[PDB]
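A single chain, nothing else alongside it, follows as structure tokens in the form deposited in one PDB entry.
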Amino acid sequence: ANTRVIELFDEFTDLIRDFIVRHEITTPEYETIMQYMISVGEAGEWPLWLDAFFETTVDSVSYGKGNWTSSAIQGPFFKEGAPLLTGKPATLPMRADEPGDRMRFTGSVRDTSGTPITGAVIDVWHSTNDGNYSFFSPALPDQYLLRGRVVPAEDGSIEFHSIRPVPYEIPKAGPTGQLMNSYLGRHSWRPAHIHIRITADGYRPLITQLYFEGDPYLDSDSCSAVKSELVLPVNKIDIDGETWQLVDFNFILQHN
């Protein structure tokens, strides 16, 4: 037996019991909740659901602000063992004629002392323009698509190419989408974001997200996950008769 489980679970049951009483939850309402919970399980949506509403809060208490990069939620759509990307301009694996604007990402990884962290590896994943993640949609293959690991240069600089992510919506038709859209009368949209994980021997891992200035949902995240210090200027500076979105970010990691 776990005293953690005992202390937390006994309190949690008193809490929910008080809620039931306080709000006068009826037998039908209880059945609806019982049935709704079941359908989340049947839709495979527990990760998506809990992350949509609560991962922000678990994120808030776990990691702090300071002179390092702020973390943000991981969400449910991360995947391990993404391919190391090297070459000319290192580029995220992409379908032929992947919809979207070519995006060029630059920046660095350093420590709270300004030292470049050459040991780091940066996982990056993001949605297709369709608002889908590889491995997590029936409309996409279970293959590393718009996912990959990127490594800094000896000087600490990083650089990759992809399509610029655009906003997306949690399936309106799933139990999560239903709750957010019908039942609550809100939306199920997230602002556009690049997910990031950086790990380096000696440093605390960083899981974070990079957002874009002017994004329509910047102040309306259905998942409650945006943070001002992770909102990025976008530049557009043509390369031979081709317009590129330019995004730059310098990551600072904490020791230990």
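Think of the rigid core as the biggest set of C-alphas that the two forms share within 1.5 Å after superposition. We number the residues from 1 along the sequence you see.
As for the form deposited in another entry, it is not shown, yet the points below apply to it.
**Student:** I want to check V121: does it shift between this form and the one not shown by 2 Å or more at the Cα, with the core superposed?
**Tutor:** No, because once the rigid core is superposed, the C-alpha of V121 moves less than 2 Å between this form and the one not shown.
**Student:** For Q143, is the CA shift between this form and the one not shown at least 2 Å following rigid-core superposition?
**Tutor:** Yes; that C-alpha moves by at least 2 Å between this form and the one not shown.
**Student:** Does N67 show a Cα shift reaching 2 Å between this form and the one not shown after rigid-core superposition?
**Tutor:** Shift at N67: 2 Å or more after core fit.
**Student:** With a C-alpha distance change of 3 Å or more, do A139 and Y36 lie closer or farther in the other form?
**Tutor:** Result: farther.
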